[PDB]
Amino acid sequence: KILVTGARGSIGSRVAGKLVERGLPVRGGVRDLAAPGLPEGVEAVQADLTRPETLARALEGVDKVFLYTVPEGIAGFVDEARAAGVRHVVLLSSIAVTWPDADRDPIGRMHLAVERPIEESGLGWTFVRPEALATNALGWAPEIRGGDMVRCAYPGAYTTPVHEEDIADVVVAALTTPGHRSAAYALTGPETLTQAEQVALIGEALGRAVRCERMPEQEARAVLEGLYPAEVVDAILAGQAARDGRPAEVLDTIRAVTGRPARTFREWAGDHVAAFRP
């Protein structure tokens, strides 16, 4: 039996669906229990990782967990997981934990605050550490639905966006096959691309030329603060500024783990084309 925390999430839902396809018993952790929408064959359980007293019920009879990073409550998770007899935890982390002075980066900190307790817990683990999620591009959907111009703080900043389906495939491999215990996988997509190039590729999926223009940092900050705490917005903008005009590393880790090349961002855009069509 596997508990998939965040079974409604972009990554978690695909982990859960893939495990059900394999005939495995899947419990799906949710903060909102009543709403429909979980993948078929997933047993819903209401829990909140910030309320680890909720976790005893969710973990009963569970051998393995797919864990989203929620630092408030990690010590409680570890205690409940140990008490329940969980053998393996696959954590969705971040490549930021691998960067120099990661302790001084809000994003690196948050993810290290979960990795370190798991490493000390005595539980088996696998860490999955993606770079930029291709789904970050969904933030442009209102603009792309509405016309052929998108605003970016750093049109020329490079990332190496990774398809959520690849992340889910790596997680499922770690949950279901040998050789992943104490592994930490830094995942990228197959190509480093600028923000403007990503916008253009979404346009290519739509049959339309979609352009990108710069916006001031203060404007970008206001937009990002709709999604994230100020500390995180500052880290994102600093990271983009550092990648302006500087191609990022492409790693072959997805293929190393799964045997399949990483899915392209262009394929991602085709997969999500409905989000961008008006």
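Note that residue numbering begins at 1 and tracks the sequence as displayed.
Comparing 60-68 with 39-47, the stretch with the higher mean C-alpha B-factor in the PDB entry is 39-47. Legend: mean Cα B-factor per stretch from the PDB entry, 29-37 versus 222-230; the higher mean is in 222-230.
The PDB entry assigns the greatest CA B-factor among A269, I254, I11, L24 to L24. Across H111, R151, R82, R181, the greatest Cα temperature factor reported in the deposited entry is at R82. Remark: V20 belongs to the highest third of its chain, ranked by C-alpha B-factor as recorded.
The entry lists a Cα temperature factor for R116 that places it in the middle third of the chain's modelled residues. Sort the modelled residues of the chain by CA B factor and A75 lands in the highest third.
Ranked against the other modelled residues of its chain, the C-alpha B-factor of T98 as given in the entry falls in the highest third. In this PDB entry, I107 carries a Cα temperature factor that places it within the middle third of its chain's modelled residues.
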